[PDB]
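Taking it in order: structure first as structure tokens, then the write-up.
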Amino acid sequence: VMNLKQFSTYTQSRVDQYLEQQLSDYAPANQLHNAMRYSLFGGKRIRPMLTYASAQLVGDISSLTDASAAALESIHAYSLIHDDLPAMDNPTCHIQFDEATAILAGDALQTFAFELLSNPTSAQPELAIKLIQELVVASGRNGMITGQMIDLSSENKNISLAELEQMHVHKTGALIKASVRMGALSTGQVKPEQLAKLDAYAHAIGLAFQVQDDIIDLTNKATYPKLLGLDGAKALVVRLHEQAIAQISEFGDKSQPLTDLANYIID
Amino acid sequence: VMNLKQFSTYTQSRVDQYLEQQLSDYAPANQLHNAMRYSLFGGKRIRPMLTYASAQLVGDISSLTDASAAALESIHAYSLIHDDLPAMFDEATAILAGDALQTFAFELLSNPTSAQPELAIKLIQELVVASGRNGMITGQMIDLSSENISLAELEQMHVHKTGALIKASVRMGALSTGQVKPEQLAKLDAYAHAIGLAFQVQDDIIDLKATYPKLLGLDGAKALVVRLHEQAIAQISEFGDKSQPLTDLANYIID
Ligand SMILES: [Cl-]
């Protein structure tokens, strides 16, 4: 089994080459592709890493694992471009190009995610449809976008711990969960019990990194240290970390990447 | 048997009720859903109409025809929101609503049906090719990187920006029946190509920088439109009365 250094190198190289190959040349789209590529290519590929790690846990990395990892990275990349837009937050894609270009590159990166998952080379349509459903629920009104919406609508108010958790679970939690769920599903071998453990793993890790982030900033608006005290936020990170690892303990050596990734993502 | 007014009323109420029902309630998304619904509802619903009409040409309207018509309308609706942005509620909401309407189009197509998943994947592929880097978005990008171009360049822009979704509508409609044959798709492609071009020529004529009337004269351009409309009809007339909706739609898209 790969240690974290090797596993991150392997999966980053793997998803990067695959994205490059699938983003096929198309002359009318030259300008569009330039902007798309500028955004897809830095970043640490956390979501691809989780996807490949989960596939490895329960079976073997497959063509649909590549499609999932790449689709998830495309969704993530699109969300970052649209998030840097002046109307939201604020060299970014709209700085290097313009705002109009960044908007279209984001839109196209979303469509590319679905292109990745519906490639004709796949002969597993029922599984592809399932992965598409997974991505839809994580990325749209049931997930990521609703989280961004909540974040925007909450910027003047001070929200409760429950509201803060709800916001993060949608805004960043859902795609993290889609990563482990889709990875495992893409093997064609995952059992419902394994998927439930991965759910809980992902939930814990997703929240823990947001809590840890607020703790890091500490060294107006709602944060975990303000809601729980610095001590309470630190304890929560430790508890979530322990919970995440406990969910995958019974898998043995195959769980090492997910264990290593827990520490890395959290910090 | 149905006339256009009737077909329009039938399809618009049908796609609107399907959209409303499929956009299921979800409390955390309340604000987002408000924005989406505000965008999803006026409009002529040309793409749904083409989808249902194309399904009727070759077979029976099915639940996948509904998903298709609704998915196409959500793509079109998101594209209008993003098109209206200053760079081209409030601005941040509009961006998110557009993004969510795109995801909702894929929700619609991937929702459980009785149909084979192979067909659902095909429909998704058609929507992808029409909407993304291979179609609509590249059309919009070309339009941006253009503010003096030739007819050929203008044509290319329109074929992507507008033509691709029109073609997707007729292709997805027929495919969604589960009964389309390849030669029928080739005919629908030719129909879409003809009406799409006729629309652009007519769009140059109305208005009276490369244009069709500059090339051919006003009479020459008018003649070409009548010709393209006839070509579009010629692709579908062999289906008899089943071709009525697409026939009426051709008369109507060309104004
Ligand atoms: Cl299905």
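Here's how to read the names in the structure tokens: chain A, B, ... by the order shown, residue numbers from 1 in each chain, ligand numbers from 1 in the order shown.
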
Discussion item. Can you pull out the residues contacting segment 234-238 of chain A? Cut-off 9 Å, using only C-alpha atoms, and skip same-chain residues under 2 positions away; I want them as a ChimeraX atom specification.
Written reply: /A:204-205,207-209,211-212,215,225,228-232,240-243,266

Fill in: Within 6 Å of ligand 1, counting only C-alpha atoms and all ligand atoms, residues as a PyMOL selection string
chain B and resi 112-113+115-117

Expected file: the selected residues, C-alpha atoms, as a PDB file, in the first residue's frame:
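Output file part-v6.pdb follows:
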```
ATOM      1  CA  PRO B 112     -34.887   6.955 -11.964  1.00  0.00           C
ATOM      2  CA  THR B 113     -36.983   5.811 -14.949  1.00  0.00           C
ATOM      3  CA  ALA B 115     -36.112   3.012 -19.337  1.00  0.00           C
ATOM      4  CA  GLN B 116     -32.729   1.361 -19.963  1.00  0.00           C
ATOM      5  CA  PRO B 117     -29.826   3.263 -18.429  1.00  0.00           C
TER       6      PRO B 117
END
```

Practice prompt. Report the residues of segment 27-206 of chain A whose backbone DSSP state falls under alpha helix (DSSP H), written as a PyMOL selection string.
Written response: chain A and resi 30-40+46-58+63-84+93-96+99-117+125-139+144-153+161-168+174-185+192-206

With C-alpha atoms retained, write the just-selected residues as a tab-separated table (two decimals), in the first residue's frame.
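Wrote result34.tsv, looks like this:
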```tsv
chain	number	residue	atom	x	y	z
A	30	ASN	CA	-9.69	27.35	-28.20
A	31	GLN	CA	-10.21	30.48	-26.06
A	32	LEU	CA	-12.64	28.70	-23.75
A	33	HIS	CA	-10.26	25.78	-23.24
A	34	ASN	CA	-7.40	28.14	-22.41
A	35	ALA	CA	-9.39	29.60	-19.52
A	36	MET	CA	-10.63	26.15	-18.46
A	37	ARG	CA	-7.10	24.77	-18.40
A	38	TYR	CA	-5.70	27.80	-16.57
A	39	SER	CA	-8.11	27.02	-13.72
A	40	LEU	CA	-7.84	23.21	-13.69
A	46	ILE	CA	-7.83	16.34	-2.29
A	47	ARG	CA	-11.09	15.18	-3.83
A	48	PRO	CA	-9.45	12.98	-6.45
A	49	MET	CA	-7.17	11.54	-3.73
A	50	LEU	CA	-10.19	10.60	-1.58
A	51	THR	CA	-11.90	9.06	-4.62
A	52	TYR	CA	-8.97	6.83	-5.53
A	53	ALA	CA	-8.38	5.95	-1.85
A	54	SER	CA	-11.97	4.79	-1.37
A	55	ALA	CA	-11.93	2.71	-4.56
A	56	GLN	CA	-8.76	1.04	-3.27
A	57	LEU	CA	-10.36	0.38	0.09
A	58	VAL	CA	-13.22	-1.71	-1.31
A	63	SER	CA	-12.16	3.79	-15.46
A	64	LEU	CA	-15.20	5.19	-13.63
A	65	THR	CA	-12.95	6.02	-10.67
A	66	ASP	CA	-10.93	8.18	-13.06
A	67	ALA	CA	-14.16	9.69	-14.41
A	68	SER	CA	-15.39	10.43	-10.88
A	69	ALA	CA	-12.14	11.88	-9.61
A	70	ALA	CA	-11.90	14.08	-12.69
A	71	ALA	CA	-15.58	15.10	-12.52
A	72	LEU	CA	-15.29	16.02	-8.85
A	73	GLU	CA	-12.16	18.06	-9.54
A	74	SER	CA	-13.98	19.86	-12.39
A	75	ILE	CA	-16.92	20.72	-10.16
A	76	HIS	CA	-14.52	21.95	-7.46
A	77	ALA	CA	-12.56	24.02	-10.00
A	78	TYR	CA	-15.72	25.59	-11.43
A	79	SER	CA	-16.93	26.50	-7.95
A	80	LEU	CA	-13.63	28.29	-7.18
A	81	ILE	CA	-13.79	30.42	-10.35
A	82	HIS	CA	-17.36	31.50	-9.72
A	83	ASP	CA	-16.48	32.07	-6.08
A	84	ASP	CA	-13.66	34.51	-6.98
A	93	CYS	CA	-9.29	33.56	-13.65
A	94	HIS	CA	-11.18	36.86	-14.02
A	95	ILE	CA	-7.95	38.83	-13.36
A	96	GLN	CA	-5.84	36.94	-15.91
A	99	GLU	CA	-15.10	38.40	-15.64
A	100	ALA	CA	-17.15	37.28	-18.66
A	101	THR	CA	-14.56	34.62	-19.49
A	102	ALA	CA	-14.40	33.36	-15.91
A	103	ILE	CA	-18.18	32.99	-15.80
A	104	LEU	CA	-18.24	30.90	-19.00
A	105	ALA	CA	-15.20	28.80	-17.97
A	106	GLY	CA	-16.96	27.94	-14.73
A	107	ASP	CA	-20.16	26.99	-16.57
A	108	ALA	CA	-18.20	24.88	-19.03
A	109	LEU	CA	-16.26	23.15	-16.27
A	110	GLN	CA	-19.57	22.07	-14.76
A	111	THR	CA	-20.72	20.61	-18.09
A	112	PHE	CA	-17.32	18.94	-18.49
A	113	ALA	CA	-17.88	17.11	-15.17
A	114	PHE	CA	-20.96	15.51	-16.67
A	115	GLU	CA	-19.14	14.86	-19.92
A	116	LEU	CA	-16.52	12.93	-17.91
A	117	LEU	CA	-19.20	10.76	-16.28
A	125	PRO	CA	-24.37	2.77	-17.88
A	126	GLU	CA	-26.32	1.83	-14.72
A	127	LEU	CA	-23.26	2.53	-12.59
A	128	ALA	CA	-22.55	5.75	-14.54
A	129	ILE	CA	-26.12	6.96	-13.90
A	130	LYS	CA	-25.64	6.25	-10.19
A	131	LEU	CA	-22.39	8.23	-10.12
A	132	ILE	CA	-24.11	11.08	-11.93
A	133	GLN	CA	-26.89	11.06	-9.32
A	134	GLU	CA	-24.22	11.18	-6.60
A	135	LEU	CA	-22.52	14.15	-8.24
A	136	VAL	CA	-25.81	15.98	-8.82
A	137	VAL	CA	-26.93	15.72	-5.22
A	138	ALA	CA	-23.50	16.88	-3.98
A	139	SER	CA	-23.02	19.78	-6.39
A	144	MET	CA	-22.59	22.74	-2.79
A	145	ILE	CA	-24.59	25.61	-4.30
A	146	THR	CA	-27.07	25.68	-1.44
A	147	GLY	CA	-24.08	25.92	0.91
A	148	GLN	CA	-22.72	28.91	-1.02
A	149	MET	CA	-26.19	30.45	-0.93
A	150	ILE	CA	-26.40	29.98	2.83
A	151	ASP	CA	-22.91	31.46	3.22
A	152	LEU	CA	-23.93	34.56	1.25
A	153	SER	CA	-27.26	35.00	3.04
A	161	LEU	CA	-23.44	26.29	15.77
A	162	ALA	CA	-26.17	24.20	14.11
A	163	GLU	CA	-26.51	26.71	11.28
A	164	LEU	CA	-22.74	26.90	10.83
A	165	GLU	CA	-22.49	23.12	10.66
A	166	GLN	CA	-25.40	22.95	8.19
A	167	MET	CA	-23.69	25.55	5.98
A	168	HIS	CA	-20.36	23.71	5.85
A	174	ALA	CA	-21.11	17.23	0.24
A	175	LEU	CA	-18.34	17.03	-2.38
A	176	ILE	CA	-15.99	15.44	0.13
A	177	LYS	CA	-18.67	12.82	0.75
A	178	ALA	CA	-19.30	12.44	-3.00
A	179	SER	CA	-15.57	11.73	-3.35
A	180	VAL	CA	-15.55	8.72	-1.03
A	181	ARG	CA	-19.02	7.51	-2.11
A	182	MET	CA	-18.28	7.70	-5.83
A	183	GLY	CA	-14.81	6.22	-5.42
A	184	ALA	CA	-16.20	3.14	-3.67
A	185	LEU	CA	-19.18	2.82	-6.04
A	192	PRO	CA	-24.10	-0.90	1.72
A	193	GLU	CA	-22.38	-1.34	5.09
A	194	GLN	CA	-19.02	-0.19	3.68
A	195	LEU	CA	-20.72	2.83	2.11
A	196	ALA	CA	-22.30	3.83	5.43
A	197	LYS	CA	-18.86	3.77	7.10
A	198	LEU	CA	-17.44	5.90	4.28
A	199	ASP	CA	-20.33	8.36	4.69
A	200	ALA	CA	-19.49	8.80	8.34
A	201	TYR	CA	-15.77	8.99	7.56
A	202	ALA	CA	-16.38	11.75	5.04
A	203	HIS	CA	-18.78	13.71	7.23
A	204	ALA	CA	-16.27	13.75	10.07
A	205	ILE	CA	-13.31	14.75	7.89
A	206	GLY	CA	-15.27	17.47	6.07
```

Could the residues of chain B that have an atom at most 9 Å from chain A be listed as JSON lines, each with its closest atom pair and the distance in Å to one decimal, counting only C-alpha atoms and ordered by chain and ascending residue number?
```
{"residue": "B:26", "atom": "CA", "partner": "A:142", "partner_atom": "CA", "distance": 7.3}
{"residue": "B:28", "atom": "CA", "partner": "A:146", "partner_atom": "CA", "distance": 6.8}
{"residue": "B:29", "atom": "CA", "partner": "A:146", "partner_atom": "CA", "distance": 5.4}
{"residue": "B:30", "atom": "CA", "partner": "A:146", "partner_atom": "CA", "distance": 8.8}
{"residue": "B:31", "atom": "CA", "partner": "A:149", "partner_atom": "CA", "distance": 7.6}
{"residue": "B:32", "atom": "CA", "partner": "A:146", "partner_atom": "CA", "distance": 6.6}
{"residue": "B:33", "atom": "CA", "partner": "A:141", "partner_atom": "CA", "distance": 7.7}
{"residue": "B:82", "atom": "CA", "partner": "A:103", "partner_atom": "CA", "distance": 7.7}
{"residue": "B:85", "atom": "CA", "partner": "A:100", "partner_atom": "CA", "distance": 8.6}
{"residue": "B:86", "atom": "CA", "partner": "A:100", "partner_atom": "CA", "distance": 8.7}
{"residue": "B:87", "atom": "CA", "partner": "A:100", "partner_atom": "CA", "distance": 5.1}
{"residue": "B:88", "atom": "CA", "partner": "A:100", "partner_atom": "CA", "distance": 5.8}
{"residue": "B:90", "atom": "CA", "partner": "A:87", "partner_atom": "CA", "distance": 8.8}
{"residue": "B:91", "atom": "CA", "partner": "A:87", "partner_atom": "CA", "distance": 6.0}
{"residue": "B:92", "atom": "CA", "partner": "A:87", "partner_atom": "CA", "distance": 5.3}
{"residue": "B:93", "atom": "CA", "partner": "A:149", "partner_atom": "CA", "distance": 7.3}
{"residue": "B:95", "atom": "CA", "partner": "A:82", "partner_atom": "CA", "distance": 7.7}
{"residue": "B:96", "atom": "CA", "partner": "A:145", "partner_atom": "CA", "distance": 6.4}
{"residue": "B:97", "atom": "CA", "partner": "A:145", "partner_atom": "CA", "distance": 8.4}
{"residue": "B:98", "atom": "CA", "partner": "A:107", "partner_atom": "CA", "distance": 8.8}
{"residue": "B:99", "atom": "CA", "partner": "A:107", "partner_atom": "CA", "distance": 7.0}
{"residue": "B:100", "atom": "CA", "partner": "A:140", "partner_atom": "CA", "distance": 5.3}
{"residue": "B:101", "atom": "CA", "partner": "A:140", "partner_atom": "CA", "distance": 8.2}
{"residue": "B:102", "atom": "CA", "partner": "A:111", "partner_atom": "CA", "distance": 8.0}
{"residue": "B:103", "atom": "CA", "partner": "A:140", "partner_atom": "CA", "distance": 5.5}
{"residue": "B:104", "atom": "CA", "partner": "A:140", "partner_atom": "CA", "distance": 7.0}
{"residue": "B:106", "atom": "CA", "partner": "A:136", "partner_atom": "CA", "distance": 6.9}
{"residue": "B:107", "atom": "CA", "partner": "A:136", "partner_atom": "CA", "distance": 5.9}
{"residue": "B:110", "atom": "CA", "partner": "A:129", "partner_atom": "CA", "distance": 6.0}
{"residue": "B:111", "atom": "CA", "partner": "A:133", "partner_atom": "CA", "distance": 7.3}
{"residue": "B:112", "atom": "CA", "partner": "A:129", "partner_atom": "CA", "distance": 9.0}
{"residue": "B:116", "atom": "CA", "partner": "A:126", "partner_atom": "CA", "distance": 8.3}
{"residue": "B:117", "atom": "CA", "partner": "A:126", "partner_atom": "CA", "distance": 5.3}
{"residue": "B:118", "atom": "CA", "partner": "A:125", "partner_atom": "CA", "distance": 5.5}
{"residue": "B:119", "atom": "CA", "partner": "A:125", "partner_atom": "CA", "distance": 8.8}
{"residue": "B:120", "atom": "CA", "partner": "A:129", "partner_atom": "CA", "distance": 7.8}
{"residue": "B:121", "atom": "CA", "partner": "A:118", "partner_atom": "CA", "distance": 6.2}
{"residue": "B:122", "atom": "CA", "partner": "A:118", "partner_atom": "CA", "distance": 8.1}
{"residue": "B:124", "atom": "CA", "partner": "A:118", "partner_atom": "CA", "distance": 6.9}
{"residue": "B:125", "atom": "CA", "partner": "A:118", "partner_atom": "CA", "distance": 6.1}
{"residue": "B:128", "atom": "CA", "partner": "A:115", "partner_atom": "CA", "distance": 5.9}
{"residue": "B:129", "atom": "CA", "partner": "A:115", "partner_atom": "CA", "distance": 7.9}
{"residue": "B:131", "atom": "CA", "partner": "A:111", "partner_atom": "CA", "distance": 7.2}
{"residue": "B:132", "atom": "CA", "partner": "A:108", "partner_atom": "CA", "distance": 5.2}
{"residue": "B:133", "atom": "CA", "partner": "A:108", "partner_atom": "CA", "distance": 5.9}
{"residue": "B:134", "atom": "CA", "partner": "A:29", "partner_atom": "CA", "distance": 7.1}
{"residue": "B:135", "atom": "CA", "partner": "A:29", "partner_atom": "CA", "distance": 8.8}
{"residue": "B:137", "atom": "CA", "partner": "A:104", "partner_atom": "CA", "distance": 6.4}
{"residue": "B:138", "atom": "CA", "partner": "A:29", "partner_atom": "CA", "distance": 5.4}
{"residue": "B:139", "atom": "CA", "partner": "A:28", "partner_atom": "CA", "distance": 8.3}
{"residue": "B:140", "atom": "CA", "partner": "A:104", "partner_atom": "CA", "distance": 7.9}
{"residue": "B:141", "atom": "CA", "partner": "A:32", "partner_atom": "CA", "distance": 6.6}
{"residue": "B:142", "atom": "CA", "partner": "A:28", "partner_atom": "CA", "distance": 7.6}
{"residue": "B:144", "atom": "CA", "partner": "A:100", "partner_atom": "CA", "distance": 8.1}
{"residue": "B:145", "atom": "CA", "partner": "A:31", "partner_atom": "CA", "distance": 8.5}
{"residue": "B:156", "atom": "CA", "partner": "A:28", "partner_atom": "CA", "distance": 8.2}
{"residue": "B:157", "atom": "CA", "partner": "A:28", "partner_atom": "CA", "distance": 8.7}
```

Item to complete: Using atom CA of residue 240 of chain B and atom CA of residue 70 of chain B as the two end points, give the distance in Å to one decimal.
Response: 26.9 Å

Discussion item. With only C-alpha atoms as the counted atoms, please give the residues lying no more than 6 Å from residue 57 of chain B, apart from itself and same-chain residues fewer than 3 positions off, as a ChimeraX atom specification.
Written reply: /B:54,242-243

Mind dumping the selected residues with N, CA and C atoms as an mmCIF file, in the first residue's frame?
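For reference, part-v1.cif as written:
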```
data_model
loop_
_atom_site.group_PDB
_atom_site.id
_atom_site.type_symbol
_atom_site.label_atom_id
_atom_site.label_comp_id
_atom_site.auth_asym_id
_atom_site.auth_seq_id
_atom_site.Cartn_x
_atom_site.Cartn_y
_atom_site.Cartn_z
ATOM 1 N N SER B 54 -40.830 16.083 -31.666
ATOM 2 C CA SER B 54 -39.932 15.114 -32.252
ATOM 3 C C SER B 54 -40.244 13.722 -31.730
ATOM 4 N N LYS B 242 -48.361 12.815 -38.080
ATOM 5 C CA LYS B 242 -47.393 12.830 -36.985
ATOM 6 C C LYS B 242 -46.350 13.953 -37.112
ATOM 7 N N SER B 243 -46.149 14.466 -38.322
ATOM 8 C CA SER B 243 -45.172 15.531 -38.523
ATOM 9 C C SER B 243 -45.773 16.912 -38.320
#
```

Worksheet item: If we count only C-alpha atoms, what is near residue 41 of chain B at a cut-off of 10 Å, once residues fewer than 4 positions away on the same chain are taken out, given as number ranges by chain?
Response: B: 16, 19-20, 36-37, 77

Produce a file of the selected residues containing N, CA, C and O atoms, as a short mmCIF file (atom, residue, chain, number, x, y, z; two decimals), in the first residue's frame.
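Contents of part07.cif, as written:
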```cif
data_model
loop_
_atom_site.label_atom_id
_atom_site.label_comp_id
_atom_site.auth_asym_id
_atom_site.auth_seq_id
_atom_site.Cartn_x
_atom_site.Cartn_y
_atom_site.Cartn_z
N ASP B 16 -44.21 22.62 -17.71
CA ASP B 16 -44.23 23.45 -16.51
C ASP B 16 -44.63 22.65 -15.27
O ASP B 16 -43.99 22.78 -14.23
N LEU B 19 -41.59 20.32 -14.42
CA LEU B 19 -40.54 21.11 -13.77
C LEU B 19 -40.88 21.42 -12.31
O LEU B 19 -40.07 21.19 -11.41
N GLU B 20 -42.09 21.92 -12.06
CA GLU B 20 -42.50 22.27 -10.71
C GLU B 20 -42.46 21.06 -9.77
O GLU B 20 -42.00 21.15 -8.63
N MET B 36 -34.43 30.13 -8.66
CA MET B 36 -34.57 29.21 -9.79
C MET B 36 -35.97 29.26 -10.39
O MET B 36 -36.11 29.30 -11.62
N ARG B 37 -36.99 29.29 -9.54
CA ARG B 37 -38.36 29.30 -10.00
C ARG B 37 -38.70 30.60 -10.71
O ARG B 37 -39.39 30.60 -11.72
N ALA B 77 -32.75 28.23 -19.58
CA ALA B 77 -33.01 29.21 -18.52
C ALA B 77 -31.74 29.65 -17.77
O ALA B 77 -31.59 30.84 -17.43
#
```

Fill in: Contacts of residue 230 of chain B at 10 Å (only C-alpha atoms; same-chain gap of 6+ positions) as a list in words
residues 191, 194, 195, 224, 250 and 251 of chain B

Discussion item. Would you pick out the contacts of residue 5 of chain A at 12 Å or less, using only C-alpha atoms, so that residues sharing its chain but fewer than 4 positions from it are not included, and give the list as an MDAnalysis selection string?
Written reply: chainID A and resid 1 9:12 49 257 260:261 264

Discussion item. Could you list, as a VMD selection string, every residue within 12 Å of segment 205-221 of chain B, counting only C-alpha atoms and ignoring same-chain residues fewer than 5 positions away?
Written reply: chain B and resid 146 to 155 197 to 200 226 to 228 254 to 255

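Candidate residues B:190, B:1, B:71, B:236 were compared for distance to residue 172 of chain B, and the nearest is B:71, using only C-alpha atoms.
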
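Minimum atom-to-atom distances from B:136, B:166, B:67, B:94 to residue 47 of chain B were compared using only C-alpha atoms, and the lowest value belongs to B:166.
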
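Considering the residues B:189, B:73, B:126, B:241 and counting only C-alpha atoms, residue 40 of chain B has its shortest atom-to-atom contact with B:73.
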